[PDB]
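Asks: Fold the following for me, if possible:
(8 chains, ligands or ions: 5)
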Amino acid sequence: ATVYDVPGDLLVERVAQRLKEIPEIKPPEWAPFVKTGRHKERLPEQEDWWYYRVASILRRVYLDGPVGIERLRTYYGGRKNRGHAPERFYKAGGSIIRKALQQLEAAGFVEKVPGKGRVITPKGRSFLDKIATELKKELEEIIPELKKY
Amino acid sequence: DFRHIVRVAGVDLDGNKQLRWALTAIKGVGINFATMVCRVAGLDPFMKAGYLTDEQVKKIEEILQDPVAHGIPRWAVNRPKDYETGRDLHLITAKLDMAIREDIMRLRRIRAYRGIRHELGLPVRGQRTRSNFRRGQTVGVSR
Amino acid sequence: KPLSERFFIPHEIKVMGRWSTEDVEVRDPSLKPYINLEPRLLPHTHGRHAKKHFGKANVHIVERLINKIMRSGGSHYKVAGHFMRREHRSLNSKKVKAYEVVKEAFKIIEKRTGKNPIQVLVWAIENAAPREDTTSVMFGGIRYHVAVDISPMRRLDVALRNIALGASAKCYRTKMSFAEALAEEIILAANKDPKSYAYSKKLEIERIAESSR
Amino acid sequence: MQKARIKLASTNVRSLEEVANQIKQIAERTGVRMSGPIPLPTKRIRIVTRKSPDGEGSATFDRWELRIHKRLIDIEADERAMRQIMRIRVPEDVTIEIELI
Amino acid sequence: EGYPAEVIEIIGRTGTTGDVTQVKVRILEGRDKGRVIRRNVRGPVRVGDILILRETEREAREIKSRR
Amino acid sequence: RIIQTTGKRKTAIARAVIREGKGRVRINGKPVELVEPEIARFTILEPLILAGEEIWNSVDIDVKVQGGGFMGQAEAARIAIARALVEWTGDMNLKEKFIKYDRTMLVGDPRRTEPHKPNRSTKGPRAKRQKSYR
Amino acid sequence: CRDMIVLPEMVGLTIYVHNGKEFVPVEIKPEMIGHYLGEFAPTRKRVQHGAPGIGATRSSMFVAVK
RNA sequence: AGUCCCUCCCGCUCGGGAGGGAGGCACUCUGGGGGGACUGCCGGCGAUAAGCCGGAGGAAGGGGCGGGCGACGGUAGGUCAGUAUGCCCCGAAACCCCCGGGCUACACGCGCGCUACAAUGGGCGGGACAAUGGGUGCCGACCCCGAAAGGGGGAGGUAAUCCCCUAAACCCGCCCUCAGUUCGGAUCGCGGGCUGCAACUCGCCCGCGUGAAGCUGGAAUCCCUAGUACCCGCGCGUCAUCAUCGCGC
Ligand SMILES: [Mg+2]
Ligand SMILES: [Mg+2]
Ligand SMILES: [Mg+2]
Ligand SMILES: [Mg+2]
Ligand SMILES: [Mg+2]
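Replies: Numbers count the residues shown, from 1 in each chain, chains lettered A, B, ... in the order given. Ligands and ions are numbered 1, 2, ... in the order given. Coordinates below:
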């Protein structure tokens, strides 16, 4: 099976786990002091908020192909609570994402297609589909209708 | 080992709350500055505040008294570039309101435009006042 | 929450895939031809019935209930005390949240009594629907309050509406939730207890309806 | 060959079809293939304005609108026809542009 | 306490503001069980309905020649 | 052999393809069994449950949708799937049950929004401002 | 030019500004550098209030205009 | 979509999936031309006429639904401060330019709105799906510096091609548990930026800190009949910068 065969959140939770063992992924020097975008109010709460971001970034260039930094900032934006005035949509920062992509490049999972963004490698597809299959081999016990495909 | 009331640099803080909110009470430490110091000190922001042994209180008091030298960066500090010396400082309860008060007196001396508004208790940042800011009491004509 | 219930696939055309309205039995001959109980797996009709006179006769009772909780509360007429204008945090169009609270409501009802939740509901909507009213009829120059009789359809409407408003006032600025306050109302009305709101309103209508015949 | 590409665009709809059929027929009479007039999306420019000079009275508005119909024709290049489409003499409210690929 | 009655014919709209309807019912179980009387109802009514009433003797006042 | 049908529902189009298989059905690549807003998952399983677990196990369908929202594409899927099932099996004692349960499963919905008008013009065609005497 | 930024040259002397109708002296001292020149020459006379008149309230609007 | 090659992934492959490139207008789409609905067909009122009720078959039914087009006249209604214009005053000025101030002043009465008074919720991490429109004095993909506002480079676009443009309410998981609170974010201190010939009077944007009234609203009064009211976001206009507004989706 592939990543098209399970819900997103379960797969991301399971991916972020094995991700903690790649020596290239490691949080920068200003990770404990940063909120993720001008539209938030408080800092992230868990301690491994890094690995979830990175793991959501893999699955995001798997099934999105050539995608660029200024397009991963529209995805990670939200609605702002700006006092006595109505709400409004805003983009996100840049550093937390650029570092993620450079670290995944150094790991060996993505690559810089010139002029058109970044795409995923064969190593990355193996990485992601192995985990997708590992998970689904147990989501069919309690859901006996996936057994077909 | 459990306790009910602890104190760090003046204001005393509850003991049944999480550590990051227990520090909010200290005038001079919001919520986003508390997460930071709890992380830098080396202990969780979710532990019950009553479980704070006292050497850790010593650690926290150290940090709150010159946080720039322990990792707290100088873009997240109560006041940078002190008007008397370019050092970057973070003040708390007693020292705070006095610093603001003298920063107001300084504008009262030279008789600026932003000092006279502070004098007469009016807006300061360019609002309009035909319609709002009615901090007074009604006036009548005839009936 | 458990992944077996989060992912739920039916294999029978029942109500919500859980409960079957094959044995429920309506007592009142008046309200029998208006309380529909056909198979109708999913309760959603996309508002086609509100175009045709007496269209709402053939609409499943569970949908008539779910629609009468998609509202903010009491917005120009106090209910047991105060207004309860709650705008921008009311569920006016959010049918998903409505369907969810009613699902959990039934899951609680089925546990504390032990009957097909729709049988308990169809008991609640008869011990709460009154059949006398009042009006003013002008006659030759003047009017005066007189008593009249309520047709069945309007009985049913008033019944469901009062159940709604009864549950929607104990979840207000109080620790109790909304799905469980929709149960502490049906278990009461279906038992004729005074502590209810739907039943008490029936009694205090019929009183000042009889006292001026 | 080199598949000339002609682009007509005008505001009167009728006075476009006639030059279209001229091109179609000219192509047909001689020996050449052609891709019939491919309609492209209309571009309608819209201008909302108030209605009264002063400011008294209720507020009532206008909706002026101008529509521009386009087409597109693909054709080969034969001087017998490449020339034959030069004496075509378009009307004055039509635009034509020719270019090869 | 329980007397039902089965509408057979509508007569028109009374009411200070067009609210109530006069209608000729037929009782079906109890003291009369067959008599025909005239009553005012609030709400909408078709023919063949089943009202529930509580007296079986009130006989609402005649309407203005039905128009 | 293959069939393919359509369904539109207030700016949402759906293209379906039906053919023999093991009884699975995809939507944009998702398996039908995994659709999160349960009220939108029970909405596209009504044709495939009103036909029985016998016909539902001899076909494969695979639709594609675009436009609208999570509930204006579920209904497009349902219309296309009903119109496909009523041709593969090609009977009429099943087409009948697709008119007693819900007539629109085959005729679709002809309703669209309505333009706005100038008194607020950002709230709707008939909602206005608040009058002010005195 | 009320826009001029006070600088360590001007500390000590006393220059003028133009507050709309007249030139008003501003004896420059330290602790002014950084501020704007026109910041010290106010421009609207402080307001002191008389008494409401015919129209200040709905009780004296039509009972006067006949 | 159905065929044909090549590359790459998974239970190691029988089966399933993702990209390319060759070919085709099947389906969607764009837009020119025709068809379709007429009280036409049955039953009942009314005369047997005008017409009105109910039922079929139908994608649609009884002006099919929503808009454009406002008669003769009146209102001594508004506009001479959009242009045109008669009479009377200015005519070295009440004409024409330039610098600085005001229209942004604040014991107070009122009209229209925005945010809240919390659980029919607040925060943190993940997962979903739009349409109208606009761009050469301009729209900026992609790469790299910055914690954030932003900065240095810079393909492709005179347009169904390139760009604005992976919307929010919605769902799953964890913290809070009925408190002036993890509700509410006015008011103020310090530091970093953008547009501009010029940001004090009086522009907009970011980070840390302080944390006011407010616990559902008296007599009164407003808008709405179906894809309509309510709830949530988006695009043009005005524009060197600034949308709690107008007009559309
Ligand atoms: Mg006039
Ligand atoms: Mg006049
Ligand atoms: Mg003004
Ligand atoms: Mg808050
Ligand atoms: Mg300024």
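
Asks: can you give me the strands for the chain?
Replies: No chain in the question, so chain A it is. A:78-80, A:88-90, A:110-113, A:117-120 (DSSP state E).

Asks: Please refer instead to chain E.
Replies: Under DSSP E, chain E gives strands at E:4-5, E:9-13, E:20-26, E:36-42, E:51-52.

Asks: which residues are contacting the second one?
Replies: Spelled out, it's strand E:9-13. With Cβ atoms under 8 Å, 6 or more residues apart in numbering or on different chains as the test, strand E:9-13 has contacts from E:19-24, E:38, E:45, E:47, E:63, E:66-67. Backbone N, C-alpha and C define where each C-beta goes, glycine included.

Asks: ok, that strand near RNA strand H or not?
Replies: No: Strand E:9-13 does not reach RNA strand H (Cβ under 7 Å from any atom of the strand); its nearest approach is 12.1 Å.

Asks: partners of that strand in the sheet?
Replies: When pairing is defined by DSSP bridges, strand E:9-13 lines up against strand E:20-26 (antiparallel).

Asks: and of the contacts of strand E:9-13, the nearest to RNA strand H?
Replies: residue E:47 (12.2 Å; Cβ to the nearest atom of the strand).

Asks: Tell me how many other residues crowd residue C:41.
Replies: Residue C:41 has 20 neighbours, counted by other Cβ atoms under 10 Å in any protein chain shown.

Asks: what about residue C:99, helix or strand, and which?
Replies: Here residue C:99, judged by DSSP states H and E, is contained in helix C:95-112.

Asks: tell me what that helix is packed against?
Replies: Judged by 3 or more Cβ pairs under 8 Å, 6 or more residues apart in numbering or on different chains; DSSP states H and E, helix C:95-112 is in contact with helix C:61-67, helix C:117-124, helix C:183-189, helix F:38-41.

Asks: Off-centre distance for that helix?
Replies: 13 Å (Cα atoms, centre = their mean, to the nearest Å).

Asks: Closest residue of chain C to chain G?
Replies: Nearest to chain G, among the residues of chain C, is residue C:76, at 26.5 Å (Cβ to the nearest Cβ).

Asks: Who are the contact partners of that residue?
Replies: When contacts are counted by Cβ under 8 Å, 6+ apart, residue C:76 is found next to residue C:83.

Asks: helix or strand for it, which one?
Replies: Counting by DSSP H and E, residue C:76 is found in no helix or strand.

Asks: returning to what we had before: of all the strands of chain E, which one comes closest to residue B:37?
Replies: Closest to residue B:37 of those, according to Cβ to Cβ: strand E:36-42, at 69.4 Å.

Asks: Over to the spatially most central residue of chain B. Which of the three states is it?
Replies: Chain B has residue B:28 as the residue nearest its centroid, 2.2 Å off, counting by Cα atoms, centre = their mean. Classification of residue B:28 by DSSP: H, G, I helix; E, B strand; the rest coil places it in coil.

Asks: Relative to chain G, how far out is the nearest residue to it once chain neighbours are set aside?
Replies: Distances taken as Cβ to Cβ, 6 or more residues apart in numbering or on different chains put residue B:92 closest to residue B:28, at 3.7 Å, once the chain neighbours are dropped. From residue B:92 over to chain G the distance is 26 Å, taken as Cβ to the nearest Cβ, to the nearest Å.

Asks: how far away is residue B:92 from chain F?
Replies: Applying Cβ to the nearest Cβ, the value for residue B:92 to chain F is 47 Å.

Asks: Test my guess that that residue contacts residue B:30.
Replies: No: the pair residue B:92 and residue B:30 fails to qualify as a contact (Cβ atoms under 8 Å) at a distance of 11.6 Å.

Asks: So for the two, which sits in the more crowded spot?
Replies: In terms of neighbours (other Cβ under 10 Å), residue B:92 is the more surrounded of residue B:92 and residue B:30; the figures are 17 against 12.

Asks: Let me see the contact set for residue F:49.
Replies: If you count contacts by Cβ under 8 Å, 6+ apart, residue F:49 has them with C:10-11, C:13, C:41, F:56.

Asks: Give me the phi and psi angles of it.
Replies: Residue F:49 has phi and psi values of phi -110, psi -20 when expressed as degrees, to the nearest 10.

Asks: What residue in chain G comes nearest to chain C?
Replies: Among all residues of chain G, residue G:58 sits closest to chain C, at 26.5 Å; criterion: Cβ to the nearest Cβ.

Asks: One more: chain D?
Replies: In chain D, the residue that lies nearest chain C is residue D:59 (27.4 Å; Cβ to the nearest Cβ).

Asks: Surely that residue is in contact with residue D:49?
Replies: No: between residue D:59 and residue D:49 there is no contact under Cβ under 8 Å: 11.4 Å.
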